[PDB]
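Here is the structure we will look at, set down as structure tokens.
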Amino acid sequence: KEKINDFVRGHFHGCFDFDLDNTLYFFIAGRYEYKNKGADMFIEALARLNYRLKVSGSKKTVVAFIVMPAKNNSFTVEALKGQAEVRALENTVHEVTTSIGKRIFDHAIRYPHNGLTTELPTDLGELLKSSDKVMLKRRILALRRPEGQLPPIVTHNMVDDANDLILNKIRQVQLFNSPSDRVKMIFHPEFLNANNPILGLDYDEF
Amino acid sequence: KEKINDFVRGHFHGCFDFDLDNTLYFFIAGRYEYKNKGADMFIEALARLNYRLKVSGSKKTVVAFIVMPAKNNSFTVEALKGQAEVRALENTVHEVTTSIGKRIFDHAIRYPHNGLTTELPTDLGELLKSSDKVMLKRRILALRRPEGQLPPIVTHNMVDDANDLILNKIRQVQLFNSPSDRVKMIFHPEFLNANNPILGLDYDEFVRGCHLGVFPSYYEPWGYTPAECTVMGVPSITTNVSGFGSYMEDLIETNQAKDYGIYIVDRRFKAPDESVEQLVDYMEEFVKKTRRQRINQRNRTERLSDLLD
Amino acid sequence: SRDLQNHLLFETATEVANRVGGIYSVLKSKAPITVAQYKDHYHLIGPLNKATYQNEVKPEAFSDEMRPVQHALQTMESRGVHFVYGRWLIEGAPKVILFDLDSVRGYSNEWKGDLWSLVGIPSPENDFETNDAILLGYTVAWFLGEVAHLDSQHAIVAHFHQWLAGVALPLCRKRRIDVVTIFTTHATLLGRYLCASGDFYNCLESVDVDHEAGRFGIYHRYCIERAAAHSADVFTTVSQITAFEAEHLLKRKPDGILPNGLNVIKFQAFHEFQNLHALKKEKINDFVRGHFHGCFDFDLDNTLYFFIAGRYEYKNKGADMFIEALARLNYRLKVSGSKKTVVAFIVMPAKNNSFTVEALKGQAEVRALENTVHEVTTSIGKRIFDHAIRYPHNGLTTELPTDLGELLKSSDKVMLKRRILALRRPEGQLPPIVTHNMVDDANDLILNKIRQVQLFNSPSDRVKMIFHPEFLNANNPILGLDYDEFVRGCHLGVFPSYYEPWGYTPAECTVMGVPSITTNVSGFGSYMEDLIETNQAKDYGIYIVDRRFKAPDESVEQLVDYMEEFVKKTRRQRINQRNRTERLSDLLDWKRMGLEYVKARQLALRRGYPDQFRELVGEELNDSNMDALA
Ligand SMILES: O=c1ccn([C@@H]2O[C@H](COP(=O)(O)OP(=O)(O)O[C@H]3O[C@H](CO)[C@H](O)[C@H](O)[C@H]3O)[C@@H](O)[C@H]2O)c(=O)[nH]1
Ligand SMILES: O=c1ccn([C@@H]2O[C@H](COP(=O)(O)OP(=O)(O)O[C@H]3O[C@H](CO)[C@H](O)[C@H](O)[C@H]3O)[C@@H](O)[C@H]2O)c(=O)[nH]1
Ligand SMILES: O=c1ccn([C@@H]2O[C@H](COP(=O)(O)OP(=O)(O)O[C@H]3O[C@H](CO)[C@H](O)[C@H](O)[C@H]3O)[C@@H](O)[C@H]2O)c(=O)[nH]1
Ligand SMILES: O=P(O)(O)OC[C@H]1O[C@H](O)[C@H](O)[C@@H](O)[C@@H]1O
């Protein structure tokens, strides 16, 4: 589930208004038989489940996956690019916390001398400096989404996007991952695998 | 130098009141001959330097190492235990900052949503929790040292402490590492090694980490100790009655040679109490140097190593 | 009347509180050295950019001796003129005076009329910009008259940058305002325009200045530039090649050069710049592994990183030569059996739709391998450790493991192999020559040139092409470097320019210890070929290609010659050459290039008050140049 959470954090970069500790992951998977496998019901049922959860004022979120292989031209740039921009933040944060560590450790080993009245630092400014902030802000701006763009409902470029049953059905019931929706949709038109650069999980792990 | 800094932090746990970024590492080394190798003069000179700095009001700090093997029963528990207590803290800090990361990270990626009005956390309480603050304080507590205890002048338990010359000389000049002393004193009666559990540097590595070798010998046919120093771009103070000292006095004009890291004290044509003041002059000069200066001097000292090939 | 030892300085340009062009960065970086000399006697002047100025910008306001500046500001207020006073928020904190041109346009037709008779300059009012150039030039001379009038202690210097600011120069000359003037032109008008087609440097001695200016239809601007250069007590350019250029095309030899320095950020240790190089070289190495994923047949340790960067001017910046030359070098290197490799970067912004999937995906797959390795190596760690500590018990005869199968298990071998296969690229696919999706790929000039010389990053090629049509930035998810960080990590900048009045590209490059190849028709190349003998300058990291007294094809062959030279170097040799280049940086710091700005100002006071300067120094020194003076 941590590897999924990681994928999701990328996916909703810029539009991430919910709590993964209070988030659930439904999926459907298999051969793309829209009608026999019941993708139709699934999508419809989810659209309604969304309405119920909104009405009840629940704070939970459902991120719902469709793993049915359809013809595609691999991943989208937007998928790969935001998963990269989220790692960029992860890393800059790790660097910054290394610096904070030095600053804490100096205070801890220098107490009680040099006028260090408290055992630990108290002001955040003692630990976090302009150079540190500037990085973090730049990495944050990189995650900003455009004017009103919503997280996508598909991870790939589809061959025949306009005729795709699953996608037309999601568009029809209007699950577009706008913030208010407590049900999110992610169609991944490709069997899962560990080499997958955006959700590196063999199916069995996912 | 970092590896020496980790040792010193250990050694001074509790009584740590100076900045290692404005601290210099002098050392004397080799076969324990109190009189011949110049340890008498060294320790005295340092006590006089300690006076000069307090007087002149210097922000600097000197940690003077003595590496001369002597009869001993291995390390003190207090050196060995303090090393562990300083690492306990290093590893508690590393855990806390991880927690801090996760929080900073969550804020960044969530902003501007969920009522987050600033791009970064502003108040420290968002990052640093009580559970985190408790483990840290406990680690700090373990570094406290007893009422009026000071950092030791010895890293080992001596066989015959009460009669050892080096230890008695230090006690006599009254360098007990109190916070008001600008010169500290760490006698390590054992040849340095990488497997040393308090200071895990081979001798050559330690040399590089230090700032200034001081080998003010009285008898010394050659003196590899300052020669090795000089090969590693480390300024050394030696004497004209040493072989190496005499040789470098031939090759270079004695006032040039200070810019080239080879300080030469006069122990042939001067009173022993004038020798000591010249050795103190040279140390007080080096302490006055900026980092610009030390680095440049170190490059000159390095470039000089061709002559010793 | 006036004092020359304590004088005022009023620097005036278009680009004060707004980064419209190169001139921005000159004034900005120079401000620290010019504040430090003058303190409160220095004042920058320009037009108030209502939009962006919000970013960058009482009896207490001035001292007693600098009260005359305060009184003259109130006299501009007494005819209604709105003006922003303050500090410019950059190193040095110089004081700015930003005139509102919206609150002086009611004079426009009168003032454009005045120019018909005072100098004779037409003003087609369908030219949005020359209007603003005239409004500033009159508003500033309306101010400099009042300060010369209200201050009778100091001498006064008024420096103007580029033709747009210098409408005020004829007005200071004709009206006989009591200030000494300096004009500095960073590029001639005709020069930029004549270089459109292409042979500028040979056949500019004979060109009809008025017929040519008239044919491009920019005669009304040319007039303002020509007027400015003649009017001023001192006329200057930013480089010798531009001085040559300015002599024939503006009809006045300059009194000297004001070459553009940089605010050189120094380190406490000199050798720090060198450690950075290797750090940032590793970030590029990370990129290059991702790029060649699957076709990775060379040793990055024995690999060099050439680059060109800047505005996308295919001809002027010399991308044409760079690519042609790189193709020829590839032949040489193959012929000569060299084992080295060159990855050449072109960093010139072109219209794109961000990165390719292949680019992002490739470096994602390389990170997956990085991490699966990291998992496997901890397992190996655990096994080495357990053999170590258990020795010599349980039958362990050797101190350490000797069979790899002891440390690397099936489970570990499988996931490494899977990661390997993921990097495998389609049969006969090569590494791309572009990181992005181009909007108009088939018509991109760089990509046509590259396709034509057939640098396609096949494994036999010792020169690889990477066109990255976008300025470098830290946030970039494939090559996460700010431009400065990338430069440092590279080994050789190559900026074989044709029209380039200065070129900060190679100067920046040199500041950060990186050798460049520039040309003798660039302003920076002129200035170094004067300061250093040209064969010696190669040892200090300044390779200068002759694009003036050589055929285009010989220039190319010289550029190839120089690269081949640089490739041949050993690592010691590159490291030192880099050290020599870094030592050179002080010549480009404002702590030296700002002395030439004083020489211009000492010559302005010499011609302006010949008797007063004679008596304040001793005799009268030579009058003709900046260089001929004290
Ligand atoms: O990312 C994924 C997702 C699913 N799977 C695998 O794919 C299978 C999904 O099964 P299908 O959707 O292919 O359909 P079934 O195999 O359940 O059933 C099919 O095969 C049966 C026996 O051949 C019948 O013939 C039946 O009519 C036909 O629907 C699962 O076992 C699962 O392990 C993956 O490997 N990777
Ligand atoms: O922690 C340490 C410190 C030093 N050393 C090494 O051991 C040497 C110790 O030097 P000494 O104190 O033994 O002095 P020298 O070897 O410079 O000279 C000595 O050896 C000479 C030749 O035998 C003469 O006898 C002379 O009187 C005597 O001073 C150093 O050079 C260094 O190489 C270590 O291995 N570990
Ligand atoms: O990835 C990059 C690459 C370059 N740069 C910067 O972009 C500049 C490149 O400048 P250009 O090549 O666009 O041109 P110049 O700054 O040399 O000069 C420009 O301004 C001059 C005077 O205003 C002339 O008009 C000239 O013709 C015009 O190109 C460099 O300073 C460099 O710092 C980046 O920030 N990121
Ligand atoms: O010039 P290069 O071949 O990139 O190598 C250059 C060198 O850079 C710096 O000097 C580093 O300290 C060395 O680690 C490296 O050997």
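Chains as they are written, first to last, in PDB author numbering: chain B, 290 to 495; chain A, 290 to 598; chain D, 2 to 58, 65 to 205, 208 to 639.
From the three backbone atoms N, C-alpha and C, an ideal C-beta is built for every residue, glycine too.
Within 9 Å, strictly: CB atoms of residue i and residue j
i	j	result
D:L597	D:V520	yes
A:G522	A:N446	no
A:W511	A:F533	yes
D:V530	D:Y210	yes
B:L417	A:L464	no
A:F315	A:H500	yes
D:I104	D:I184	no
D:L213	D:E254	yes
D:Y508	D:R199	yes
A:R556	A:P505	yes
D:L614	D:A162	yes
D:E542	D:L338	no
D:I553	D:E563	no
D:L259	D:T365	no
D:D158	D:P75	yes
Status (buried if at least 16 other CB within 10 Å, exposed otherwise) for residue i
i	result
D:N269	buried
D:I398	exposed
A:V448	exposed
D:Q438	exposed
A:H396	buried
B:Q372	buried
D:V21	exposed
D:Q545	exposed
residue 599 of chain A	Any answer about residue 599 of chain A is impossible in this case: the structure gives chain A only from 290 up to 598.
D:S535	buried
D:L604	exposed
D:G265	buried
A:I293	buried
D:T528	buried
Legend entry - Selection of the stretch 274 to 286 of chain D by Cβ proximity to chain A, strictly under 9 Å: Flagged, chain order: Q277, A278, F279, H280.
Legend entry - Short-range partners of chain D found in the stretch 573 to 591 of chain A, where Cβ spacing is below 7 Å: If the cut-off is 7 Å between Cβ atoms, the stretch 573 to 591 of chain A has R580, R581, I584 near chain D.
Legend entry - Ranges of the alpha helix (DSSP H) found wholly within the stretch 336 to 367 of chain D, counting only runs of at least 4: none
Inset, instruction - Can you give me, in chain order, the residues of the stretch 445 to 470 of chain B that have a beta carbon less than 8 Å from any beta carbon in chain A? - result: Answer in chain order: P468.
Legend entry - Residues from the stretch 428 to 439 of chain B in contact with chain D, defined by Cβ distance under 9 Å: Residues of the stretch 428 to 439 of chain B with a C-beta less than 9 Å from any C-beta of chain D: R428, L430, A431, listed in chain order.
Legend entry - Chain-ordered residues, beta carbon under 7 Å from a heavy atom of ligand 6: For ligand 6, the structure offers nothing, since it holds only ligand 1, ligand 2, ligand 3 and ligand 4.
Legend entry - Given 8 Å, three or more beta-carbon pairs between the stretch 382 to 391 of chain D and the stretch 340 to 354 of chain D: The stretch 340 to 354 of chain D and the stretch 382 to 391 of chain D do not touch, with fewer than three beta-carbon pairs separated by less than 8 Å.
Inset, instruction - Tell me, please, whether the stretch 139 to 156 of chain D touches the stretch 168 to 188 of chain D by the rule of three or more beta-carbon pairs shorter than 8 Å. - result: yes
Legend entry - Contact residues within the stretch 367 to 389 of chain B, judged by C-beta distance below 8 Å to chain A: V375, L378, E379, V382, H383, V385, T386, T387, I389
Legend entry - Short-range partners of chain B found in the stretch 478 to 493 of chain D, where Cβ spacing is below 7 Å: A483, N484, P486, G489
Legend entry - Inter-stretch contact (C-beta, 8 Å, three-pair minimum) for the stretch 274 to 283 of chain D and the stretch 474 to 488 of chain D: no
Legend entry - Touching by the beta-carbon criterion (3+ pairs, under 8 Å), the stretch 564 to 573 of chain A and the stretch 323 to 341 of chain A: Contact holds: three or more Cβ-Cβ distances are below 8 Å.
Inset, instruction - Closer than 8 Å, Cβ to Cβ, to anything on chain B: give me those residues from the stretch 400 to 412 of chain A, in chain order. - result: Answer in chain order: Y400, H402, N403, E408, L409, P410, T411, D412.
Legend entry - Short-range partners of chain B found in the stretch 243 to 259 of chain D, where Cβ spacing is below 9 Å: none
Legend entry - Whole beta strand (DSSP E) elements within the stretch 494 to 546 of chain D, 3-residue minimum: As far as the stretch 494 to 546 of chain D is concerned, its whole beta strand (DSSP E) runs of at least 3 residues are 501 to 503, 525 to 528.
Inset, instruction - State whether the stretch 190 to 199 of chain D contacts the stretch 215 to 235 of chain D, with contact taken as three or more CB pairs (one from each stretch) at a distance under 8 Å. - result: yes
Inset, instruction - Using a Cβ-Cβ cut-off of less than 8 Å, give me the residues of the stretch 291 to 311 of chain D that come near chain B, in sequence order. - result: none
Inset, instruction - Flag this pair as touching only if the stretch 99 to 118 of chain D and the stretch 21 to 37 of chain D have three or more C-beta atom pairs under 8 Å; answer yes or no. - result: yes
Inset, instruction - Please confirm if the stretch 44 to 58 of chain D is in contact with the stretch 8 to 26 of chain D, defined as three or more CB-CB distances below 8 Å between the two stretches. - result: yes
Inset, instruction - Please go through the stretch 116 to 147 of chain D and give each complete alpha helix (DSSP H) segment of 4 or more residues, from N-terminal end onward. - result: none
Inset, instruction - Using a Cβ-Cβ cut-off of less than 9 Å, list which residues of the stretch 344 to 365 of chain D approach chain B; keep chain order. - result: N362, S363, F364, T365
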